[PDB]
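> Chains as they are written, first to last, in the entry's author numbering: chain E, 55 to 87; chain V, 28 to 128; chain B, 434 to 565, 572 to 606; chain L, 70 to 397; chain U, 36 to 167; chain G, 51 to 163; chain Z, 52 to 189.
Beta carbons are placed, not taken as given, at the ideal position from N, Cα and C, and that holds for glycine.
Would you mind keeping the following structure in view while I ask a few things?
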Ligand SMILES: [Mg+2]
Ligand SMILES: [Mg+2]
Ligand SMILES: [Mg+2]
């Protein structure tokens, strides 16, 4: 009864990369990538 | 071009020995066993000695990959000591350095 | 409604929403055309450094707009900067929009602090067209007047001298 | 090269602002220490030479001191000693000799007035005072020097300080004073420890020759020693090794008064005997007086034994022993 | 004398890079490695492959960018992708530079079956550490 | 025709957020980095070499994309994917009383094709 | 000034399944130079403190492999060159983790692994008991 388990979050392959790409906006002084 | 004719002959040896590996393994299973009768292992002996001479692994030579040198080879880089030292002394081998202690 | 169109672009995918580079520079030409005259200098000078060098580079249309934006709000501080950028991006357009660039130097009144800016900006200009470039008398009105508010006669003399040597 | 330094300081301040920004710190409270941590994190160069590692520092520390312009725009040198080719050093000597002449004059006037009012300040020895090295003097004058130059100067300072000392003269020769740092070889006594209602137990750790020894001694017990859970007579069958364990106790006459437990690993039997000897000696320093600690140090009980196996070398046999050398 | 990877002292006019100014006993002390990969670490495999790759890369890059190559190549290998970092003299118009950037990246991506990154740092003339 | 453009460090704002400039793992271009940094062994009179044209700074793995501000932001964007750990399991005793079995599994990462 | 509006679109689903528990997770980074493993340990510890993963870090003893080659092309056997390979270790020991947190942290960390370092992950995962063993007897 004291035993508690959460569930698993299944995300797409590229998901974490896109979640990191969110914290970076576009650079002003930079030329095109 | 493989740097030498010797290197060529060894490439052919590694191809042939890769091809007949299964045959040799299966026959030498019979040959290396005490359990089977001798009458079987004699015929199996003629069978494995029938196989092309250049397919057996003891005729393969580890040679320097770049320079073809038949000995003085460091197995991990597959390199002659000379070529190895050349590369290492220019800083081109990561983590390799002169030893002071 | 342009703030609104820009809020629309940036939303779903900003990159997938414009097909070609020509039709891309149309966007910023017209958009910054609006931004320059319709907004306070605080906004224009701000969006300037973000859009111009980074994304897509100034045409003649976005070149004239800065010129007319600094004449109305009376900004004599940002002339050397915009000139130095327009030199980088705008080499071919130079001869035609130059006459427009320099005309904003007459409209002002020039304190003792701004002398050296005029001196440099005009000297690089005229040292560029005397080493090659039909050169307007307006530019001499400017070097001579700006050098009168500077207190420098000797160079304005050699410049009037260099125009009367231009036949 | 002045415009260079001005520029380098500008870009150092700007860059320090930038670094303060990316590292997420207050640009005002940023120190050289923090700069060092910052670049150590951003550009992590493992290299054994520390001068070959990435550095952002104030341009004055990075760049060497420059000799200033020696003349005006008319060509006339500023200093009158210029043509000597050493102006700084010979200026120094000129003023030192000027002050020695001053001391002689003043002190002679005080000889005629029946007054010796001065004292000898020449002994600073308890402060650990020494002269500058030649390097320090060389750095102070921003000029290269010679051994005979430095020796000349120092000798003249000895001439100055051997006379009656004025105030300005004392302050003068004290630029050229340095103080040698703390000299005491006195050990650091392990604070005695009281554990679980048990009283007076001390710890020590010896290391000798691949062998490590951890020794806990109780002053409340009778004489016995337990090494790795067994009796010392069992663990060290050789008499020599038991004598080695006996050395410090017999030295302090504590032979029956203490009860010890030890953990010793690696090396051979004698290496272990030695490691335990050292550990035991360092453990008995909490129970004894501050004088007998010096006595144990002077008997060589408290020093680790640096003597260690040398590496074999290629082309030789034994790291010393060489292959047989043929003449012909 | 030790001749290994040494630039001998000339009459004193000879321009020398920081790289060439340091003999083999100075690797890991002053100068670092021109290649970075896992294969030479204690428990790791396929050092041989990474080595042959390395060699071919140096030879290839030297032949593909004739005369404009300033210093020896820097090869960084991270999680199946190799970033080639190069110091390059300004010789060719940026047109040719980009042409060869793309051509090379593609060609070696298809040759070695992994993503290939190419980073060009342009320098006016060979950076001089010593003599000269 | 020879073209020399002044570096990014000129147009760089003092307070400009750093992780915007170095989002990903980068070679360290000296033009794009504002901080003067001198690495390399010095010469007897001279200093360590400048950051421009320096090959030794190119050899160095740079943590510039990982600057602590960027880690704060990244990890605050990753707070969404992580699921919580059950309370009562906090001690190993209850771990054993509930789950008796441990399965050890090794995963290796090495650079190469 | 110019701010892209509505820039975020994360995709996460919740399956009904009982996500795998990890009693302990050991991450062993092997490297050549020390400083890189230091800045990487700092980065990893910070990234673990931001996700509240509660980790310890220790340093496993370094391994130096030495070997000897001939200095000369042809013949002097009295003369040799000795070469080193130094492998240094960092061990990041994380405790009481779930499966999702494990995959996020390991993804983030593995993306940012420096070129010259390698990494070994030992996960000890918790399973209650198998079905056929629970309390049947044959
Ligand atoms: Mg041949
Ligand atoms: Mg053989
Ligand atoms: Mg011997």
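May I ask which residues mark the beginning and end of the alpha helix (DSSP H) holding residue 552/B?
548–562
> Return yes when the C-beta of residue 88/G is under 7 angstroms from any heavy atom of ligand 3, and no when it is not.
Within 7 angstroms of the C-beta of residue 88/G there is not a single heavy atom belonging to ligand 3.
> For residue 53/U, which of helix, strand or coil comes out of DSSP?
coil
> Nearest-angstrom Cα distance between residue 600/B and residue 606/B?
11 angstroms
> Below 8 angstroms, how does it come out for the segment 154–161 of chain Z and the segment 95–106 of chain G: are there three or more Cβ pairs, yes or no?
no
> Looking only at C-alpha atoms, which of 250/L, 227/L, 108/L and 152/L sits nearest to residue 166/L?
227/L
> Can you list, in chain order, the residues of the segment 54–83 of chain U whose Cβ is nearer than 9 angstroms to any Cβ on chain L?
61, 63, 64, 65, 66 and 67
> When the Cβ atoms of the segment 147–160 of chain G are set against those of the segment 113–120 of chain Z, are three or more pairs found closer than 8 angstroms?
no
> Contact criterion: CB-CB distance below 8 angstroms. Does residue 64/E meet it with respect to chain Z?
yes
> Are residue 503/B and residue 547/B touching if we call contact CB-CB under 8 angstroms?
no
> Please classify residue 109/U: is it buried, with 16 or more other beta-carbons within 10 angstroms of its beta-carbon, or exposed?
The residue is buried, with at least 16 neighbouring Cβ atoms inside 10 Å.
> Do you know offhand how far residue 177/L's Cα is from residue 203/L's?
The straight-line gap separating the alpha-carbon atoms of residue 177/L and residue 203/L is approximately 33 angstroms.
> Return the chain-ordered list of same chain residues with a C-beta closer than 6 angstroms to the C-beta of residue 311/L, the five sequence neighbours on each side being excluded.
305
> Does residue 117/Z come within less than 8 angstroms of chain V when only Cβ atoms are used?
yes
> If distances are taken between C-alpha atoms only, which option among 149/L, 160/L and 108/L comes closest to residue 87/Z?
Each of 149/L, 160/L and 108/L was checked against the Cα of residue 87/Z, and the nearest Cα belongs to 108/L.
> To the nearest angstrom, how far is the alpha carbon of residue 164/U from that of residue 126/U?
22 angstroms
> Is any heavy atom of ligand 3 found at a distance shorter than 7 angstroms from the C-beta of residue 45/L?
Given that chain L is displayed from residue 70 to residue 397, the structure contains no residue 45/L and the question cannot be resolved.
> If we cut at 8 angstroms on Cβ distances, does residue 170/Z have a partner in chain G?
yes
> Using 8 angstroms for Cβ pairs, my map puts residue 75/G next to residue 113/U. What's the rounded Cβ distance?
7 angstroms
> Quick check on DSSP: helix, strand or coil for residue 477/B?
Three-state result, residue 477/B: helix.
> I'd like to check one pair, residue 340/L with residue 284/L: are the Cβ atoms closer than 8 angstroms?
no
> At what residues does the beta strand (DSSP E) containing residue 277/L begin and finish?
According to the DSSP assignment, residue 277/L belongs to the beta strand (DSSP E) that extends over 267–277.
> Closer than 8 angstroms, Cβ to Cβ, to anything on chain Z: give me those residues from the segment 96–125 of chain V, in chain order.
99, 101, 108, 109, 111, 112, 115, 121, 122, 123, 124 and 125
> What did DSSP end up calling residue 77/Z once you bin it into helix, strand or coil?
Judged by DSSP in its simplified three-state form, residue 77/Z adopts strand.
> Answer with buried or exposed for residue 68/G, where buried requires no fewer than 16 other C-beta atoms within 10 angstroms of its C-beta.
buried
> Compute the minimum distance between the beta carbon of residue 37/V and the heavy atoms of ligand 1, and state whether it is under 7 angstroms.
no
> If you run the structure through DSSP and keep just helix, strand and coil, what is residue 163/U?
Residue 163/U sits in coil when the DSSP states are folded into three classes, being neither helix nor strand.
> Beta carbon of residue 88/V: closer than 7 angstroms to some heavy atom of ligand 2?
yes
> Any contact between the segment 116–130 of chain L and the segment 73–89 of chain G? By contact I mean 3 or more CB pairs, one from each, below 8 angstroms.
yes
> Give me the subset of the segment 103–129 of chain G whose CB atoms are less than 9 angstroms from a CB atom of chain L, sorted by chain position.
106, 107, 109, 110, 111, 112, 113, 114, 116, 117, 118, 119, 120 and 122
> Along the chain, where does the beta strand (DSSP E) containing residue 305/L start, and where does it finish?
Premise fails: residue 305/L is in no beta strand (DSSP E) and is neither H nor E.
> Taking only three categories from DSSP, how would you classify residue 61/U?
helix
> Compute the beta-carbon to beta-carbon distance between residue 85/Z and residue 143/Z, rounded to the nearest angstrom, for a pair I have assumed lies under 8 angstroms.
In fact, because the Cβ distance is near 16 angstroms, the residues do not count as touching under 8 angstroms.
> Can residue 105/V and residue 83/U be called in contact, C-beta distance under 8 angstroms?
yes
> Between the alpha carbons of residue 452/B and residue 442/B, how many angstroms are there, rounded?
12 angstroms
> Would you report the Cα separation of residue 124/U and residue 95/U, rounded to the nearest angstrom?
17 angstroms
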